[PDB]
Structures are given as C-alpha cells and as structure tokens.
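Below: the structure, in structure tokens.
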Amino acid sequence: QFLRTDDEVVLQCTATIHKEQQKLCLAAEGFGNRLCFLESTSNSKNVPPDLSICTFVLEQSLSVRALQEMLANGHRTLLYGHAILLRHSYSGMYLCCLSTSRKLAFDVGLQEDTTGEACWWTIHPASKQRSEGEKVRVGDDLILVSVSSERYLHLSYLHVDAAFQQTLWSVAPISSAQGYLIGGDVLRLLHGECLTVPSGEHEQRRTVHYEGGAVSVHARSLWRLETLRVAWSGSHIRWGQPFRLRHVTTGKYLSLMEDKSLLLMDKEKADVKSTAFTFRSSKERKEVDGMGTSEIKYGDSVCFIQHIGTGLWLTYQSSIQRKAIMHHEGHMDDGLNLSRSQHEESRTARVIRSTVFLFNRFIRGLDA
Amino acid sequence: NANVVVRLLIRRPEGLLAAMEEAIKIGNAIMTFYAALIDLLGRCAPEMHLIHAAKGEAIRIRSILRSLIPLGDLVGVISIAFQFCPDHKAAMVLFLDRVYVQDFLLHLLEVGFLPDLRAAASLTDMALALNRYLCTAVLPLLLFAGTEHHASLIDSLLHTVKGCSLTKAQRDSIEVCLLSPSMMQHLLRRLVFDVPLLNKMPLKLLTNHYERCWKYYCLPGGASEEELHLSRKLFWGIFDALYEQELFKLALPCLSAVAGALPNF
C-alpha cells in the first residue's frame, strides 16, 4: 500500500526505443565502480536480470527543516517533500550525485560518507492526481530531486545522470518474518553433506555433485534464488512458484537440458522453461501481491526438486561424486534440507566473482 | 528574484566561444543577444561581500554559473574591440568580475588596453569605447608584464593630461602603482620626463599624485636620483613661475620626501 523507511524498493524507468517498451532499472555496482548504469528487465524470459545490484533501502526521511538542522552540526512513512536517503541494499554505500562529467549534467554514483547534501533526494509528485505533503503509495510515478546539485535524476541517451530535465521513476516494493524463506537468499542445500560444484583450475566446473566435509563451509556451495516476478521479488517463498538458481561464486545459471545434461549456462542461455525449478513437499497458488506468509522453515524441510517442463526429480547417481541427475522417480533422499547463510558470507561471495571477472580481463588484455 | 530567474533560465536551453567568433565575420543579432545574456546572468550574482562567502545556497547559483558555462572568455575580452566592439566586452568583464588568483590579474592584462592609446589619437565612434571604459577598466583596481601597463595606460592617461570622468583614470593609476617592484620603482620617476614637459594642470596633477607615492619604492630598496634632483630644480625654478601651486607645491615639499627614503616624450 504505502512505502516506509527500512523497506526494499527498486528504481525503474521505462523508455521506448523504436516501439519497444524497455523497462530499464537503475543498477550501481560498487567495489570498483563509482558510476551507475542500466539493467534490462523487459527481456526477462531469456536473459534474467541481475537483482542484487538494483535493489535499494530507504534509510531516513526528514523534512527540509530537520535536514538543514542536522547538517548544521520505528518505521515512519514517506511524504512527497521529504529528503530521503537511498542506499545500495547489497554494497552498503549511499547513492548520491558526483561532480564528475561525461552537456551541463552531473554523474551519479555511490559514496560511503553520508554527510553533506550529496546523498539526499527530495521526492516530487508527478501528477495533479496527488500533491504535496500527502502519503506515498505503491507504483506512483514520481520525480527525484537532488538536494545538492538541485537537478533531476534524468535518463539520457545510455547515461543515467543528474540533469536539468526531468524523467519518471516508477518504484516497486520488494520486501519488509524470522526463520523462513525470502526470495533473494543465499543458502546451501543440505543432504545429511551438501550440493557442490568442484574446485577451480580448469570443465569450467559445469558439473554438479553432492559432497561432504569442509566444502560445506567454503565459498563454492552458494546458491541465490531469483523468482520470475519483478515487483515483490523479495516476498516469501511458497510452493509452486518457479525460480532460477544462480551459482554465486561463478555467476552461471543451474540449467537442466533433460536430453543433454544438468549444467551451468550463462545469462543469455537461461530459458524460463529450461531451469525454473520448483520444490514440492510431496514427491508427486500462483501470485500474491504482498510479502506473503511463512511457508518453509529452514531445518524442518524436505524440498524435493522438480522441473516445470519435464517434471523429473534430481537424485544422486552412484572424492564423493554422487552426481545429480534428473530421474523419473528418485529415492527417498531428495528431500534436501536447507541452510541460509549470513550477510558477510554472501558479501564475500559476490566480491570474489566481481574481482575474478576483472582480473581475467586484465590477464587477457595483458596477454594480447 | 535572482534565484528564481536563474532556475527558470536553466530549465530551457538558452561551443559558446565559437558563436561570438563565427558570427563576427557574418545582422547584429546573435553577437548582441549573447552579450545581453551575459549581462543578465552576471547581474544575478549571489552577492559582492561575505553574504556570498558566509551563507548557504548563494553558492549554488555561483557553482551553476561556472558549471554550465566555463569561461573561454578570450573570444569576448580580446577579439571584439580591436578595430558591437566596446559593449560586448563590457558585459563579459562583468560576468567574470561577479562570478570569478593573483596570476590571473596578469593573464588578461594588456588585452584591449594596447589599442586604447593607439585609437585615442583620432578623438571617433569606436573611440567612444574609452569614454565607456573609463569605469569598467578602472573597477579592476581590486615584474613580468605590469611594466607594459604603466607604459600603455599612462600613455592613454597622458592623452588627456570624459572630462571630469578622467578622475577615475587618475585613481586607476595612482592606486595601481601603490601595490608595487623594480619596474614600478623606475616608474616612480616616469612622469619626471613629463614634469619637465609640464611647464595642462592635469599633467602636473599626474606628477603630484605619484609624487607622494614615489618614495615608497626607494624606501624598500634604500641612477636617476640625480634626475629627481634635476626635476626638483625645474620645480624650484617653476615654483617662481607661479591654487596654482595646490598641486605643484604639495609635491615641492614632498621632494624632501623624495629625498627622505633613498637616503610628452
């Protein structure tokens, strides 16, 4: 219904390039990149978007009186005229305007410090249908205004930058229950011993195993769920809705081709019927607009994996190399239990691959 | 008013150093329109004092003025008045003055002022640039090339040594010498070559105004000190020639000041 502080939202502007409604989303990187860019969300049926780099968190929301005071040194609700503080929900930096250039605009990126007028944005309504002072609501196409640069958060032709011209910014809720599954987690897949992808120095690790020992703790066995919905993608997770599984350390999607194999293929090969699996309580709703209710607790769960297009059952075959293959029945051990991870492990996990993909570009540019 | 008009202007659109040059060969529309825009955007300055310094969001417009418009001002401060001509530069000096350090005073120096004493010798229509500029070249009152300026501008000032407006050009030199150091020390006896050529009364006032400030140079570093005696002797014999000495005899006892610090053409 409304938007509060400490919520999870996205910022999303829909442009049109030659009669193609492109719903671009705002995505900052961090850990080596002080500039924002655009994330495609329109073509989500064959190339899934990255979700961890486009969700934000509203931290505080003052009026201009309290901001000009505090600069001069619960869960509140937002009103059109408050200067808010966005922050990157993964990286932990605060979004702001910068004094760099790429025209008479300014560029937009993250910064760590919260003082100054740089990381503050007053919302502006973009209708006569709603006006000053009143309460925010879900899906209101709005404008953002820099407190420092006195400029509008403009989409230009593909720069996102702080300009004198205005553009729309639709928002969408993401999240807001302890011990249950929320779309966006990072978790291991326990067996008794957990699901694994092998060590480096190659295969390109595209095989999938079940293993035991210290590889339970290490950074290989990390999996991120990405549900098919754009808005409310950080809701609860209940049975029957499909979701992609992403390998976090490698950045390749866990894809089943029932003829060929169970492999890991890239974003541009991740088809909605190829890899969107679902768990079932047995081994034999669709969409709710909210964060839902509590479905799956972590230790008391038997999640049986089953495809949409084939409907098979991923069971282990016969190091510990019980390789997972989609069988038609499976044994009584496909009720894989779950174990969510903590924030620092996932924070290391994403930055590992983010540095790997830059070091390899450095290596090949040096060998060229 | 300033703030609101500035924001209004920035919504809309209107190489900005290329337009005043490319139209200069080519019908006086855009070269006047851009100079009027410069005059408007320079009139809406934040302040002229610590209101511009010790306050908030008077600096925001000041940042926007230099952020969408960096200077490139040589297309206006140099190339327009060397044959429209006086006024377009008179807007640009205001835009640079209100919004925009001791290196820059020598940067734009002798740009335009070299044509002054040249075109002053036909006193017409473009020689009313100087009667226009009797205030706006003086208001930047507030040795590498400075020896040129006391060369050139005094050679403009001696063009009249407009009528009561020459008092602005008088303080424009008497205060320009006062912030001197070796070339200005030689310039502390420059008008002695014209004090012998003195005997209108302004030629003697140009001697008297620098006469009192002459001793500050040889007080700091202490050839033509005997020539200063030679000018004092022409002043001692010229004192017998004569409010007639209100500008003369004020400097005559001040020649003991010229003896108190060291120890036309």
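Each chain in the structure tokens gets a letter, A, B and so on, in the order shown; residues start at 1 in every chain, and ligands are counted from 1 in the order they appear.
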
Please report, as a Markdown table, each residue of chain A lying at most 12 Å from chain B, together with the nearest pair of atoms and the separation in Å rounded to one decimal; use only C-alpha atoms, and order rows by chain and ascending residue number.
```
| residue | atom | partner | partner_atom | distance |
| --- | --- | --- | --- | --- |
| A:68 | CA | B:56 | CA | 10.2 |
| A:71 | CA | B:56 | CA | 11.5 |
| A:72 | CA | B:56 | CA | 10.6 |
| A:99 | CA | B:67 | CA | 9.6 |
| A:100 | CA | B:67 | CA | 10.8 |
| A:101 | CA | B:67 | CA | 10.3 |
| A:103 | CA | B:68 | CA | 7.5 |
| A:104 | CA | B:68 | CA | 4.8 |
| A:105 | CA | B:68 | CA | 8.0 |
| A:106 | CA | B:67 | CA | 9.5 |
| A:117 | CA | B:57 | CA | 11.1 |
| A:147 | CA | B:57 | CA | 10.5 |
| A:148 | CA | B:60 | CA | 8.2 |
| A:149 | CA | B:60 | CA | 7.7 |
| A:150 | CA | B:60 | CA | 8.3 |
| A:151 | CA | B:11 | CA | 9.9 |
| A:152 | CA | B:11 | CA | 10.6 |
| A:163 | CA | B:11 | CA | 9.5 |
| A:164 | CA | B:11 | CA | 5.8 |
| A:165 | CA | B:11 | CA | 6.7 |
| A:166 | CA | B:11 | CA | 9.5 |
```

Go ahead and save the residues from that selection, with C-alpha atoms, as a compact mmCIF listing (two decimals), in the first residue's frame.
```
# COMPACT_ATOMS: atom_id res chain seq x y z
CA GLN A 68 19.11 21.84 7.46
CA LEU A 71 23.59 19.31 8.57
CA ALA A 72 24.30 22.45 10.61
CA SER A 99 30.96 16.38 -9.57
CA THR A 100 32.41 14.40 -12.49
CA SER A 101 31.35 14.59 -16.14
CA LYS A 103 26.34 18.98 -21.72
CA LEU A 104 25.72 20.59 -18.33
CA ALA A 105 24.82 17.46 -16.38
CA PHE A 106 26.38 15.65 -13.44
CA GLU A 117 23.90 17.45 0.73
CA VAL A 147 19.42 18.40 -2.63
CA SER A 148 22.99 19.32 -3.52
CA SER A 149 23.04 19.70 -7.29
CA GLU A 150 19.42 20.95 -7.48
CA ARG A 151 18.97 18.69 -10.50
CA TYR A 152 16.70 15.87 -11.60
CA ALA A 163 20.38 16.91 -15.47
CA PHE A 164 18.19 19.99 -15.71
CA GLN A 165 15.49 17.92 -17.41
CA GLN A 166 13.14 15.51 -15.67
```

Surrounding residues of residue 322 (chain A) excluding itself and chain neighbours under 5 positions, 6 Å, only C-alpha atoms, as a VMD selection string: chain A and resid 209 to 210 316 to 317

Using C-alpha atoms, can you export the residues from the last selection as a CSV table (one decimal), in the first residue's frame?
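Full text of result_23.csv as output:
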```
chain,number,residue,atom,x,y,z
A,209,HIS,CA,28.0,-33.1,-7.3
A,210,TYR,CA,26.9,-33.9,-3.8
A,316,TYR,CA,22.1,-38.5,-6.9
A,317,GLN,CA,23.7,-41.1,-9.1
```

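For the pair CA of residue 140 (chain A) and CA of residue 10 (chain A), the interatomic distance is 12.5 Å.
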
Which residue of A:30, A:116, A:242, A:184 approaches residue 343 (chain A) most closely, using only C-alpha atoms: A:184

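Closest approach to residue 74 (chain A) among A:6, A:345, A:20, A:132 is made by A:6 (distances from only C-alpha atoms).
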
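Using only C-alpha atoms, the shortest contact distance between residue 356 (chain A) and any of A:82, A:283, A:249, A:295 is found at A:249.
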
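Among A:288, A:3, A:84, A:351, the residue with the shortest atom-to-atom distance to residue 52 (chain A), counting only C-alpha atoms, is A:351.
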
DSSP-assigned alpha helix (DSSP H) among region 46-230 of chain B, expressed as number ranges by chain: B: 50-53, 59-68, 74-77, 85-99, 104-107, 113-119, 129-136, 146-157, 166-174, 183-186, 201-213, 215-218, 225-230

Which of region 69-223 of chain A fall in strand (DSSP E), as number ranges by chain: A: 83-88, 94-97, 106-111, 121-125, 142-146, 152-155, 160-163, 170-175, 186-190, 194-196, 209-211, 223

Written file, previous selection with C-alpha atoms, as a JSON list (two decimals), in the first residue's frame:
```
[["chain", "number", "residue", "atom", "x", "y", "z"],
["A", 83, "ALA", "CA", 14.56, 14.44, 1.54],
["A", 84, "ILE", "CA", 15.28, 10.73, 1.64],
["A", 85, "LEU", "CA", 18.48, 8.72, 1.85],
["A", 86, "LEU", "CA", 18.65, 5.81, -0.55],
["A", 87, "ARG", "CA", 21.33, 3.20, -0.11],
["A", 88, "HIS", "CA", 22.55, 0.21, -2.03],
["A", 94, "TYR", "CA", 24.77, 5.67, -0.16],
["A", 95, "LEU", "CA", 23.62, 6.84, -3.58],
["A", 96, "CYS", "CA", 24.47, 10.42, -4.49],
["A", 97, "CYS", "CA", 25.40, 12.91, -7.17],
["A", 106, "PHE", "CA", 26.38, 15.65, -13.44],
["A", 107, "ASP", "CA", 27.06, 11.96, -12.99],
["A", 108, "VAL", "CA", 25.51, 9.73, -10.34],
["A", 109, "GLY", "CA", 27.18, 7.09, -8.20],
["A", 110, "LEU", "CA", 27.76, 5.73, -4.77],
["A", 111, "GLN", "CA", 29.75, 7.17, -1.90],
["A", 121, "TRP", "CA", 16.96, 13.40, -2.56],
["A", 122, "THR", "CA", 13.59, 15.06, -2.18],
["A", 123, "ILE", "CA", 10.71, 13.24, -3.81],
["A", 124, "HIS", "CA", 8.42, 15.18, -6.09],
["A", 125, "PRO", "CA", 4.99, 14.02, -7.25],
["A", 142, "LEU", "CA", 7.45, 10.24, -9.32],
["A", 143, "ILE", "CA", 10.46, 12.53, -9.76],
["A", 144, "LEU", "CA", 13.59, 12.71, -7.63],
["A", 145, "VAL", "CA", 15.42, 15.96, -6.92],
["A", 146, "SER", "CA", 18.99, 16.35, -5.76],
["A", 152, "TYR", "CA", 16.70, 15.87, -11.60],
["A", 153, "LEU", "CA", 17.70, 12.23, -11.80],
["A", 154, "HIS", "CA", 17.49, 12.07, -15.58],
["A", 155, "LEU", "CA", 17.74, 9.20, -18.05],
["A", 160, "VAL", "CA", 21.84, 7.98, -16.19],
["A", 161, "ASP", "CA", 22.90, 11.40, -14.93],
["A", 162, "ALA", "CA", 21.80, 14.45, -12.97],
["A", 163, "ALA", "CA", 20.38, 16.91, -15.47],
["A", 170, "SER", "CA", 8.44, 4.11, -11.02],
["A", 171, "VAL", "CA", 9.16, 2.24, -7.80],
["A", 172, "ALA", "CA", 8.10, -1.21, -6.72],
["A", 173, "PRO", "CA", 8.11, -2.91, -3.32],
["A", 174, "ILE", "CA", 10.48, -5.79, -2.68],
["A", 175, "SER", "CA", 10.49, -6.78, 0.98],
["A", 186, "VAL", "CA", 21.89, -17.23, -0.26],
["A", 187, "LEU", "CA", 21.77, -20.79, 1.01],
["A", 188, "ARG", "CA", 23.37, -24.21, 0.92],
["A", 189, "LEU", "CA", 21.43, -27.37, 0.04],
["A", 190, "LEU", "CA", 21.95, -29.85, 2.87],
["A", 194, "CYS", "CA", 25.56, -30.71, 0.55],
["A", 195, "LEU", "CA", 25.29, -29.74, -3.10],
["A", 196, "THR", "CA", 28.58, -28.70, -4.64],
["A", 209, "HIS", "CA", 27.97, -33.09, -7.31],
["A", 210, "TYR", "CA", 26.88, -33.94, -3.81],
["A", 211, "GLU", "CA", 29.70, -33.91, -1.31],
["A", 223, "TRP", "CA", 23.12, -20.53, -4.37]]
```

d(CA of residue 38 (chain B), CA of residue 88 (chain B)) in Å: 8.8 Å

Nearby residues (only C-alpha atoms) at most 9 Å from region 226-231 of chain B, same-chain spacing under 5 positions excluded, as a count of residues only: 9

Long-range neighbours of residue 348 (chain A) as a PyMOL selection string, 12 Å cut-off, only C-alpha atoms, 3 positions minimum in chain: chain A and resi 31+90-91+186+218-220+222+248-249+341-345+351-355
